[PDB]
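Scroll down for the structure; my scribbles are underneath it.
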Amino acid sequence: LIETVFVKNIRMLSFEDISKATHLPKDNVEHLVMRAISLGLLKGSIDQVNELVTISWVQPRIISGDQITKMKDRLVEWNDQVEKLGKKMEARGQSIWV
Amino acid sequence: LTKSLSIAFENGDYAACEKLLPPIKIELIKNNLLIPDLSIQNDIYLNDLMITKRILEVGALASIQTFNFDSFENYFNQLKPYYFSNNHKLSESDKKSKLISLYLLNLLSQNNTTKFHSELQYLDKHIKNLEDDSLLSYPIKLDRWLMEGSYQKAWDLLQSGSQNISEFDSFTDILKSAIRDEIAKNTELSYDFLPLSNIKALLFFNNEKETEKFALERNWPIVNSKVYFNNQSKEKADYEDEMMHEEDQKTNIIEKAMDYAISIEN
């Protein structure tokens, strides 16, 4: 369960994903979802009406090499945002900056 | 020679009218010089001016039937100040009413209502009142029903045009194609999916095949003989929205704040 959850970083998973991976009946599925939550391994809430688990928190694990690069790619993008935004806004209402 | 042209119309060759016109255009300098160009009007000059108008006039009618717009319009430019002169010279004619009618239909076919109404405002005094509406009723009413929203009425005028064609069909064709487009656009937002029978009936097509021709040109999927308007039109709209014009007219929420603050502090 921890393996399936970590790879799909999207914020929602149907019960059907869990059923197939662990090969269990659906009765047992929602209990297994209660256990993870009790461990604190995972945090989130359970929708029984739509049969969803909304995962809202993942617990950090061993950061592999591939992931070092992934982090870096996003940080450049977010460098640029700060950079673009400060430069234009200095120019706007340049006259007053006492 | 002014009678060489004259007879060229009665003969009924408007291709003959066309090939003869360019030698006369040098001659039409000479006609201009005969009149002192309205510095003083006398009855000798009333006669001289009658010939000039007649020449320009037979040339104008020719261009509409040979479908050459450019020449028609130019002549028309001249023709107006020629007709408007003083209070009444010998401007009043059967052709006067007829020529106005055509001009207005043209302006509607260009899908330029701006100028249509402008031209209408010019007419709306003396001339429209004295001649009543009897050939004018054809463009006034056409333009009027398209504004009103009653398309059925706007269509029937186009169809009944048949008893009067002599040069009017050259506009009738252009105007129709634009009317079906108009209908299609209103009905885009109204409803996404229409039965096959209703798409045809609305647009007043004679045939189903013509309907599917207009879909393909319009970039709309036909799926189970039902048109779908929603997809492409929305995408296109999105793409159109992004240009180097509408970027300074958006106004960013952060930008609004700056401007409010600094105006106090100036």
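Chains: A, B, ... in order of the structure tokens. Residues: from 1 per chain. Ligands: from 1, in order shown.
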Within 10 Å of residue 22 of chain A, counting only C-alpha atoms, which residues show up once you throw out same-chain ones fewer than 6 positions away? Write them as a list in words, please.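 Neighbouring residues, sequence-local ones excluded: residues 1, 4 and 29 of chain A.
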So that I have them on file, write out the residues from the current selection with N, CA and C atoms, as a PDB file, in the first residue's frame.
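Dumped everything to out_1.pdb:
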```pdb
ATOM      1  N   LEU A   1       0.802  -1.203   0.000  1.00  0.00           N
ATOM      2  CA  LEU A   1       0.000   0.000   0.000  1.00  0.00           C
ATOM      3  C   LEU A   1       0.805   1.207   0.000  1.00  0.00           C
ATOM      4  N   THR A   4       2.270   1.723  -3.756  1.00  0.00           N
ATOM      5  CA  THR A   4       1.258   2.293  -4.646  1.00  0.00           C
ATOM      6  C   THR A   4       0.929   3.756  -4.453  1.00  0.00           C
ATOM      7  N   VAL A  29     -10.548  -3.474   2.424  1.00  0.00           N
ATOM      8  CA  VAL A  29      -9.806  -2.396   1.838  1.00  0.00           C
ATOM      9  C   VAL A  29      -9.892  -1.198   2.767  1.00  0.00           C
TER      10      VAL A  29
END
```
Taking a cut-off of 8 Å and counting only C-alpha atoms, can you build a table that, for each residue of chain B near chain A, reports the nearest atom pair and how far apart they are in Å (one decimal), sorted by chain then residue number, as a tab-separated table?
```
residue	atom	partner	partner_atom	distance
B:255	CA	A:92	CA	7.4
B:258	CA	A:93	CA	6.3
B:259	CA	A:93	CA	6.7
B:262	CA	A:93	CA	6.4
B:265	CA	A:96	CA	7.3
B:266	CA	A:96	CA	7.8
```
Just write the chosen residues, C-alpha atoms, as a PDB file, in the first residue's frame.
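To be explicit, this is the file written out as out30.pdb:
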```pdb
ATOM      1  CA  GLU B 255      -1.032  46.725 -10.843  1.00  0.00           C
ATOM      2  CA  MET B 258       0.171  50.271  -7.212  1.00  0.00           C
ATOM      3  CA  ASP B 259      -1.624  52.908  -9.071  1.00  0.00           C
ATOM      4  CA  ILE B 262       1.121  56.314  -5.731  1.00  0.00           C
ATOM      5  CA  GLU B 265       1.639  60.063  -2.564  1.00  0.00           C
ATOM      6  CA  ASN B 266       2.306  62.221  -5.634  1.00  0.00           C
TER       7      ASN B 266
END
```
Using only C-alpha atoms for the distances, tell me which of B:197, B:152, B:207, B:137 is nearest to residue 179 of chain B.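 Answer, going by the shortest atom-to-atom distance: B:152.
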Compile the contact shell of segment 140-149 of chain B as JSON, numbers by chain: residues with an atom at most 9 Å away, counting only C-alpha atoms, same-chain residues fewer than 4 positions apart removed. {"B": [104, 105, 108, 113, 116, 120, 133, 136, 153, 154, 155, 157, 158, 179]}
Residue contacts of residue 57 of chain A (9 Å, only C-alpha atoms) excluding same-chain residues fewer than 5 positions away, as a ChimeraX atom specification: /A:11,41-44
Could you pull out the residues in chain A that DSSP calls alpha helix (DSSP H) from the backbone, as a ChimeraX atom specification? /A:2-7,15-22,26-39,66-91
Take the residues from that selection and put them in a file with N, CA and C atoms, as a compact mmCIF listing (two decimals), in the first residue's frame.
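That gives us part13.txt:
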```
# COMPACT_ATOMS: atom_id res chain seq x y z
N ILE A 2 1.96 1.22 0.70
CA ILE A 2 2.82 2.39 0.84
C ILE A 2 3.47 2.60 -0.50
N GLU A 3 3.77 1.51 -1.29
CA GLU A 3 4.42 1.58 -2.58
C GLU A 3 3.52 2.19 -3.63
N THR A 4 2.27 1.72 -3.76
CA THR A 4 1.26 2.29 -4.65
C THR A 4 0.93 3.76 -4.45
N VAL A 5 0.87 4.18 -3.19
CA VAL A 5 0.58 5.48 -2.82
C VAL A 5 1.64 6.45 -3.14
N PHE A 6 2.95 6.06 -2.90
CA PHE A 6 4.05 6.98 -3.09
C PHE A 6 4.18 7.26 -4.50
N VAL A 7 3.97 6.35 -5.42
CA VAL A 7 4.28 6.61 -6.85
C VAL A 7 3.25 7.47 -7.54
N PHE A 15 -10.59 2.96 -4.60
CA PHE A 15 -10.53 1.75 -3.80
C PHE A 15 -10.14 0.65 -4.66
N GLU A 16 -10.56 0.71 -5.97
CA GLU A 16 -10.28 -0.28 -7.06
C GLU A 16 -8.79 -0.51 -7.26
N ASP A 17 -7.91 0.57 -7.13
CA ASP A 17 -6.45 0.48 -7.22
C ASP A 17 -5.92 -0.36 -6.08
N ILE A 18 -6.50 -0.15 -4.89
CA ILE A 18 -5.98 -0.86 -3.77
C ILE A 18 -6.41 -2.28 -3.94
N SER A 19 -7.65 -2.61 -4.32
CA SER A 19 -8.27 -3.94 -4.36
C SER A 19 -7.36 -4.86 -5.18
N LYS A 20 -6.97 -4.36 -6.40
CA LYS A 20 -6.20 -5.12 -7.34
C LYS A 20 -4.82 -5.30 -6.84
N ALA A 21 -4.19 -4.30 -6.22
CA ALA A 21 -2.78 -4.50 -5.95
C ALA A 21 -2.62 -5.50 -4.86
N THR A 22 -3.47 -5.49 -3.81
CA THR A 22 -3.30 -6.25 -2.63
C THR A 22 -4.11 -7.46 -2.77
N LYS A 26 -13.11 -5.84 -1.11
CA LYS A 26 -13.43 -4.42 -0.75
C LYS A 26 -13.78 -4.20 0.72
N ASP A 27 -14.28 -5.19 1.49
CA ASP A 27 -14.58 -5.03 2.84
C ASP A 27 -13.33 -4.71 3.60
N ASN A 28 -12.29 -5.37 3.20
CA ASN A 28 -11.00 -5.41 3.93
C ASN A 28 -10.21 -4.14 3.62
N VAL A 29 -10.55 -3.47 2.42
CA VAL A 29 -9.81 -2.40 1.84
C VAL A 29 -9.89 -1.20 2.77
N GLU A 30 -11.07 -0.90 3.33
CA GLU A 30 -11.26 0.40 3.94
C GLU A 30 -10.62 0.34 5.31
N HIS A 31 -10.49 -0.92 5.83
CA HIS A 31 -9.88 -1.18 7.16
C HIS A 31 -8.41 -0.95 7.03
N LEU A 32 -7.80 -1.43 5.98
CA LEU A 32 -6.37 -1.37 5.63
C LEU A 32 -6.00 0.13 5.51
N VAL A 33 -6.91 0.90 4.87
CA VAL A 33 -6.85 2.40 4.75
C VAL A 33 -6.91 3.00 6.17
N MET A 34 -7.77 2.51 7.16
CA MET A 34 -7.73 2.92 8.54
C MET A 34 -6.43 2.63 9.16
N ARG A 35 -5.81 1.50 8.89
CA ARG A 35 -4.53 1.17 9.57
C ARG A 35 -3.45 2.18 9.20
N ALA A 36 -3.27 2.54 7.92
CA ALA A 36 -2.19 3.42 7.53
C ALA A 36 -2.29 4.74 8.24
N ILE A 37 -3.49 5.23 8.36
CA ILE A 37 -3.82 6.50 8.91
C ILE A 37 -3.45 6.48 10.39
N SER A 38 -3.73 5.36 11.12
CA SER A 38 -3.40 5.17 12.57
C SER A 38 -1.97 5.14 12.80
N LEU A 39 -1.12 4.58 11.86
CA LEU A 39 0.29 4.56 11.97
C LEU A 39 0.83 5.93 11.84
N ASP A 66 17.57 10.04 -8.88
CA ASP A 66 16.71 10.63 -9.92
C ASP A 66 15.99 11.80 -9.41
N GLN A 67 15.56 11.71 -8.15
CA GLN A 67 14.84 12.72 -7.45
C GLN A 67 15.64 13.94 -7.14
N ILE A 68 17.00 13.92 -7.12
CA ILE A 68 17.77 15.06 -6.85
C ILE A 68 17.61 16.05 -8.00
N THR A 69 17.63 15.44 -9.20
CA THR A 69 17.38 16.21 -10.41
C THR A 69 15.97 16.77 -10.45
N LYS A 70 14.95 16.00 -10.08
CA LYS A 70 13.62 16.51 -10.07
C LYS A 70 13.37 17.69 -9.27
N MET A 71 13.92 17.73 -8.03
CA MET A 71 13.84 18.86 -7.21
C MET A 71 14.39 20.14 -7.88
N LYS A 72 15.54 19.99 -8.53
CA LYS A 72 16.30 21.08 -9.09
C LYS A 72 15.43 21.68 -10.18
N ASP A 73 14.78 20.91 -11.08
CA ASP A 73 14.00 21.39 -12.20
C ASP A 73 12.91 22.37 -11.76
N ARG A 74 12.17 21.98 -10.67
CA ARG A 74 11.14 22.88 -10.16
C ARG A 74 11.64 24.13 -9.54
N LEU A 75 12.81 24.12 -8.90
CA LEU A 75 13.33 25.24 -8.19
C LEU A 75 13.78 26.36 -9.13
N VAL A 76 14.36 26.00 -10.29
CA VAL A 76 14.64 26.95 -11.32
C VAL A 76 13.42 27.70 -11.79
N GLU A 77 12.31 26.98 -12.06
CA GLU A 77 11.04 27.54 -12.50
C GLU A 77 10.48 28.59 -11.56
N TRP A 78 10.60 28.35 -10.26
CA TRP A 78 10.14 29.16 -9.09
C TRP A 78 11.15 30.19 -8.80
N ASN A 79 12.40 30.20 -9.37
CA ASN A 79 13.39 31.24 -9.22
C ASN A 79 12.90 32.35 -10.05
N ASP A 80 12.40 31.92 -11.28
CA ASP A 80 12.08 32.82 -12.37
C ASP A 80 10.92 33.56 -12.06
N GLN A 81 9.95 32.95 -11.35
CA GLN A 81 8.77 33.67 -10.98
C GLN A 81 8.93 34.83 -10.09
N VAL A 82 9.79 34.64 -9.09
CA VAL A 82 10.13 35.72 -8.14
C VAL A 82 10.82 36.77 -8.96
N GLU A 83 11.73 36.38 -9.94
CA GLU A 83 12.64 37.26 -10.60
C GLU A 83 11.80 38.18 -11.46
N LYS A 84 10.84 37.63 -12.27
CA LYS A 84 9.97 38.36 -13.24
C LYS A 84 9.12 39.36 -12.60
N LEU A 85 8.52 38.94 -11.46
CA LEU A 85 7.63 39.70 -10.68
C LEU A 85 8.18 40.98 -9.95
N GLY A 86 9.47 40.88 -9.48
CA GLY A 86 10.11 42.00 -8.83
C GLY A 86 10.55 43.08 -9.72
N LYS A 87 10.98 42.64 -10.93
CA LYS A 87 11.51 43.59 -11.87
C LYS A 87 10.41 44.47 -12.48
N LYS A 88 9.29 43.89 -12.82
CA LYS A 88 8.23 44.63 -13.44
C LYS A 88 7.60 45.62 -12.49
N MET A 89 7.48 45.22 -11.22
CA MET A 89 6.75 45.98 -10.17
C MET A 89 7.57 47.13 -9.65
N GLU A 90 8.92 47.17 -9.75
CA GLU A 90 9.82 48.27 -9.51
C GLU A 90 9.47 49.28 -10.55
N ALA A 91 9.35 48.86 -11.82
CA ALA A 91 9.15 49.77 -12.92
C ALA A 91 7.76 50.47 -12.71
```
Could you check the closest approach to residue 1 of chain B for each of B:44, B:15, B:243, B:28 and tell me which residue wins, using only C-alpha atoms? B:28
Contacts of residue 13 of chain B at 12 Å or less, counting only C-alpha atoms, minus same-chain residues fewer than 5 places along, as a PDB file with N, CA, C and O atoms, in the first residue's frame?
```pdb
ATOM      1  N   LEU B   5     -22.133  55.033 -77.111  1.00  0.00           N
ATOM      2  CA  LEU B   5     -22.377  54.421 -75.793  1.00  0.00           C
ATOM      3  C   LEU B   5     -23.801  54.152 -75.605  1.00  0.00           C
ATOM      4  O   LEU B   5     -24.159  53.127 -74.959  1.00  0.00           O
ATOM      5  N   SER B   6     -24.742  55.129 -76.008  1.00  0.00           N
ATOM      6  CA  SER B   6     -26.105  55.124 -75.627  1.00  0.00           C
ATOM      7  C   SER B   6     -26.735  53.892 -76.074  1.00  0.00           C
ATOM      8  O   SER B   6     -27.515  53.305 -75.322  1.00  0.00           O
ATOM      9  N   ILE B   7     -26.534  53.514 -77.326  1.00  0.00           N
ATOM     10  CA  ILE B   7     -27.183  52.494 -78.024  1.00  0.00           C
ATOM     11  C   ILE B   7     -26.564  51.247 -77.508  1.00  0.00           C
ATOM     12  O   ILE B   7     -27.142  50.196 -77.586  1.00  0.00           O
ATOM     13  N   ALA B   8     -25.344  51.253 -76.940  1.00  0.00           N
ATOM     14  CA  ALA B   8     -24.634  50.087 -76.515  1.00  0.00           C
ATOM     15  C   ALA B   8     -25.380  49.411 -75.448  1.00  0.00           C
ATOM     16  O   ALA B   8     -25.337  48.175 -75.275  1.00  0.00           O
ATOM     17  N   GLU B  18     -18.546  47.773 -71.458  1.00  0.00           N
ATOM     18  CA  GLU B  18     -17.202  47.735 -70.876  1.00  0.00           C
ATOM     19  C   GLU B  18     -16.017  48.082 -71.815  1.00  0.00           C
ATOM     20  O   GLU B  18     -15.120  48.807 -71.391  1.00  0.00           O
ATOM     21  N   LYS B  19     -15.887  47.503 -73.028  1.00  0.00           N
ATOM     22  CA  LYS B  19     -14.744  47.690 -73.824  1.00  0.00           C
ATOM     23  C   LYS B  19     -14.768  49.079 -74.411  1.00  0.00           C
ATOM     24  O   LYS B  19     -13.681  49.568 -74.709  1.00  0.00           O
ATOM     25  N   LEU B  20     -15.944  49.756 -74.453  1.00  0.00           N
ATOM     26  CA  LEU B  20     -15.961  51.009 -75.123  1.00  0.00           C
ATOM     27  C   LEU B  20     -15.601  52.106 -74.079  1.00  0.00           C
ATOM     28  O   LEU B  20     -15.139  53.173 -74.458  1.00  0.00           O
ATOM     29  N   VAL B  58     -24.996  54.830 -67.601  1.00  0.00           N
ATOM     30  CA  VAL B  58     -25.121  53.609 -68.345  1.00  0.00           C
ATOM     31  C   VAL B  58     -23.821  52.792 -67.979  1.00  0.00           C
ATOM     32  O   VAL B  58     -23.845  51.552 -67.905  1.00  0.00           O
ATOM     33  N   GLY B  59     -22.650  53.506 -67.797  1.00  0.00           N
ATOM     34  CA  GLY B  59     -21.425  52.829 -67.401  1.00  0.00           C
ATOM     35  C   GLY B  59     -21.614  52.172 -66.064  1.00  0.00           C
ATOM     36  O   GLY B  59     -21.003  51.111 -65.862  1.00  0.00           O
ATOM     37  N   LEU B  61     -24.333  50.910 -64.452  1.00  0.00           N
ATOM     38  CA  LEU B  61     -25.217  49.775 -64.448  1.00  0.00           C
ATOM     39  C   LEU B  61     -24.479  48.579 -65.019  1.00  0.00           C
ATOM     40  O   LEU B  61     -24.696  47.467 -64.522  1.00  0.00           O
ATOM     41  N   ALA B  62     -23.665  48.824 -66.081  1.00  0.00           N
ATOM     42  CA  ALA B  62     -22.829  47.836 -66.746  1.00  0.00           C
ATOM     43  C   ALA B  62     -21.923  47.100 -65.776  1.00  0.00           C
ATOM     44  O   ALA B  62     -21.742  45.887 -65.912  1.00  0.00           O
ATOM     45  N   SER B  63     -21.305  47.839 -64.833  1.00  0.00           N
ATOM     46  CA  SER B  63     -20.334  47.220 -63.957  1.00  0.00           C
ATOM     47  C   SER B  63     -20.923  46.333 -63.028  1.00  0.00           C
ATOM     48  O   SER B  63     -20.217  45.350 -62.691  1.00  0.00           O
ATOM     49  N   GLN B  65     -23.508  44.247 -63.531  1.00  0.00           N
ATOM     50  CA  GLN B  65     -23.871  43.026 -64.256  1.00  0.00           C
ATOM     51  C   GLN B  65     -22.589  42.287 -64.616  1.00  0.00           C
ATOM     52  O   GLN B  65     -22.715  41.126 -64.791  1.00  0.00           O
ATOM     53  N   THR B  66     -21.388  42.951 -64.810  1.00  0.00           N
ATOM     54  CA  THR B  66     -20.168  42.295 -65.187  1.00  0.00           C
ATOM     55  C   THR B  66     -19.408  42.028 -63.982  1.00  0.00           C
ATOM     56  O   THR B  66     -18.226  41.635 -64.022  1.00  0.00           O
TER      57      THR B  66
END
```
DSSP on the backbone: what in chain A comes out strand (DSSP E), as a VMD selection string? chain A and resid 13 to 14 43 to 47 52 to 57
Just to confirm, what's the straight-line distance from atom CA of residue 173 of chain B to atom CA of residue 95 of chain B in Å (one decimal)? 22.7 Å
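Close contacts of segment 227-232 of chain B, defined as residues with an atom at most 9 Å away when counting only C-alpha atoms, with chain neighbours fewer than 3 positions off set aside, comprise residues 188, 189, 191, 192, 193, 194, 195, 196, 199, 215, 219, 220, 221, 222, 223, 224, 235, 236 and 237 of chain B.
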Print the selection's residues with N, CA, C and O atoms to a file, as a PDB file, in the first residue's frame.
```
ATOM      1  N   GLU B 188     -25.402  28.969 -32.576  1.00  0.00           N
ATOM      2  CA  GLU B 188     -24.281  28.316 -31.854  1.00  0.00           C
ATOM      3  C   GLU B 188     -24.405  28.231 -30.364  1.00  0.00           C
ATOM      4  O   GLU B 188     -24.191  27.202 -29.740  1.00  0.00           O
ATOM      5  N   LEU B 189     -24.807  29.355 -29.693  1.00  0.00           N
ATOM      6  CA  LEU B 189     -24.854  29.373 -28.300  1.00  0.00           C
ATOM      7  C   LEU B 189     -26.114  28.795 -27.787  1.00  0.00           C
ATOM      8  O   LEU B 189     -26.223  28.401 -26.660  1.00  0.00           O
ATOM      9  N   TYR B 191     -27.929  26.243 -28.817  1.00  0.00           N
ATOM     10  CA  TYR B 191     -27.986  24.806 -28.654  1.00  0.00           C
ATOM     11  C   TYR B 191     -26.798  24.182 -29.412  1.00  0.00           C
ATOM     12  O   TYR B 191     -26.457  24.541 -30.539  1.00  0.00           O
ATOM     13  N   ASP B 192     -26.208  23.157 -28.790  1.00  0.00           N
ATOM     14  CA  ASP B 192     -25.041  22.457 -29.300  1.00  0.00           C
ATOM     15  C   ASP B 192     -25.474  21.465 -30.355  1.00  0.00           C
ATOM     16  O   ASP B 192     -24.951  21.432 -31.442  1.00  0.00           O
ATOM     17  N   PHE B 193     -26.519  20.669 -30.070  1.00  0.00           N
ATOM     18  CA  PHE B 193     -26.915  19.511 -30.918  1.00  0.00           C
ATOM     19  C   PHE B 193     -28.370  19.710 -31.370  1.00  0.00           C
ATOM     20  O   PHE B 193     -29.188  20.015 -30.557  1.00  0.00           O
ATOM     21  N   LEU B 194     -28.564  19.589 -32.694  1.00  0.00           N
ATOM     22  CA  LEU B 194     -29.747  19.747 -33.455  1.00  0.00           C
ATOM     23  C   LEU B 194     -29.892  18.512 -34.361  1.00  0.00           C
ATOM     24  O   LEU B 194     -28.962  18.013 -34.977  1.00  0.00           O
ATOM     25  N   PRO B 195     -31.115  17.940 -34.439  1.00  0.00           N
ATOM     26  CA  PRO B 195     -31.490  16.915 -35.476  1.00  0.00           C
ATOM     27  C   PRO B 195     -31.240  17.449 -36.860  1.00  0.00           C
ATOM     28  O   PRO B 195     -31.333  18.666 -37.091  1.00  0.00           O
ATOM     29  N   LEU B 196     -30.977  16.448 -37.787  1.00  0.00           N
ATOM     30  CA  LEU B 196     -30.462  16.764 -39.099  1.00  0.00           C
ATOM     31  C   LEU B 196     -31.404  17.728 -39.901  1.00  0.00           C
ATOM     32  O   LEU B 196     -30.982  18.666 -40.529  1.00  0.00           O
ATOM     33  N   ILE B 199     -31.254  21.527 -38.751  1.00  0.00           N
ATOM     34  CA  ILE B 199     -30.056  22.269 -39.167  1.00  0.00           C
ATOM     35  C   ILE B 199     -30.368  22.865 -40.610  1.00  0.00           C
ATOM     36  O   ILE B 199     -30.232  24.047 -40.855  1.00  0.00           O
ATOM     37  N   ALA B 215     -20.516  22.642 -42.669  1.00  0.00           N
ATOM     38  CA  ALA B 215     -19.911  22.158 -41.442  1.00  0.00           C
ATOM     39  C   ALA B 215     -18.405  22.105 -41.578  1.00  0.00           C
ATOM     40  O   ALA B 215     -17.695  22.486 -40.645  1.00  0.00           O
ATOM     41  N   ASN B 219     -15.443  23.860 -39.636  1.00  0.00           N
ATOM     42  CA  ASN B 219     -14.664  23.118 -38.708  1.00  0.00           C
ATOM     43  C   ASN B 219     -15.485  22.630 -37.528  1.00  0.00           C
ATOM     44  O   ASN B 219     -15.204  23.035 -36.366  1.00  0.00           O
ATOM     45  N   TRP B 220     -16.588  21.885 -37.792  1.00  0.00           N
ATOM     46  CA  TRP B 220     -17.494  21.308 -36.823  1.00  0.00           C
ATOM     47  C   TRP B 220     -17.692  19.769 -37.060  1.00  0.00           C
ATOM     48  O   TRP B 220     -18.095  19.482 -38.179  1.00  0.00           O
ATOM     49  N   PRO B 221     -17.530  18.902 -36.056  1.00  0.00           N
ATOM     50  CA  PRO B 221     -17.742  17.486 -36.303  1.00  0.00           C
ATOM     51  C   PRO B 221     -19.178  17.193 -36.482  1.00  0.00           C
ATOM     52  O   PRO B 221     -20.071  17.738 -35.811  1.00  0.00           O
ATOM     53  N   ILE B 222     -19.444  16.307 -37.389  1.00  0.00           N
ATOM     54  CA  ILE B 222     -20.719  15.705 -37.723  1.00  0.00           C
ATOM     55  C   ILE B 222     -20.582  14.335 -37.115  1.00  0.00           C
ATOM     56  O   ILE B 222     -19.682  13.538 -37.532  1.00  0.00           O
ATOM     57  N   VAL B 223     -21.453  14.076 -36.127  1.00  0.00           N
ATOM     58  CA  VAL B 223     -21.382  12.809 -35.500  1.00  0.00           C
ATOM     59  C   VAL B 223     -22.780  12.365 -35.337  1.00  0.00           C
ATOM     60  O   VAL B 223     -23.615  12.966 -34.675  1.00  0.00           O
ATOM     61  N   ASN B 224     -23.105  11.313 -36.124  1.00  0.00           N
ATOM     62  CA  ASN B 224     -24.439  10.746 -36.217  1.00  0.00           C
ATOM     63  C   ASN B 224     -25.581  11.645 -36.700  1.00  0.00           C
ATOM     64  O   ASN B 224     -26.772  11.679 -36.358  1.00  0.00           O
ATOM     65  N   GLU B 235     -11.783  26.520 -28.232  1.00  0.00           N
ATOM     66  CA  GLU B 235     -10.320  26.521 -28.407  1.00  0.00           C
ATOM     67  C   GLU B 235      -9.755  27.695 -29.096  1.00  0.00           C
ATOM     68  O   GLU B 235      -8.817  28.379 -28.627  1.00  0.00           O
ATOM     69  N   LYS B 236     -10.400  28.009 -30.222  1.00  0.00           N
ATOM     70  CA  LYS B 236     -10.155  29.132 -31.087  1.00  0.00           C
ATOM     71  C   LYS B 236     -10.257  30.445 -30.448  1.00  0.00           C
ATOM     72  O   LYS B 236      -9.410  31.344 -30.664  1.00  0.00           O
ATOM     73  N   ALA B 237     -11.338  30.534 -29.625  1.00  0.00           N
ATOM     74  CA  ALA B 237     -11.622  31.660 -28.784  1.00  0.00           C
ATOM     75  C   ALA B 237     -10.530  31.953 -27.846  1.00  0.00           C
ATOM     76  O   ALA B 237     -10.028  33.079 -27.806  1.00  0.00           O
TER      77      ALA B 237
END
```
Polymer residues at most 10 Å from residue 180 of chain B, only C-alpha atoms, same-chain spacing of 6 or more positions, as a list in words: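 After dropping sequence-adjacent residues, the list is residues 151, 155, 202, 203, 204, 205 and 214 of chain B.
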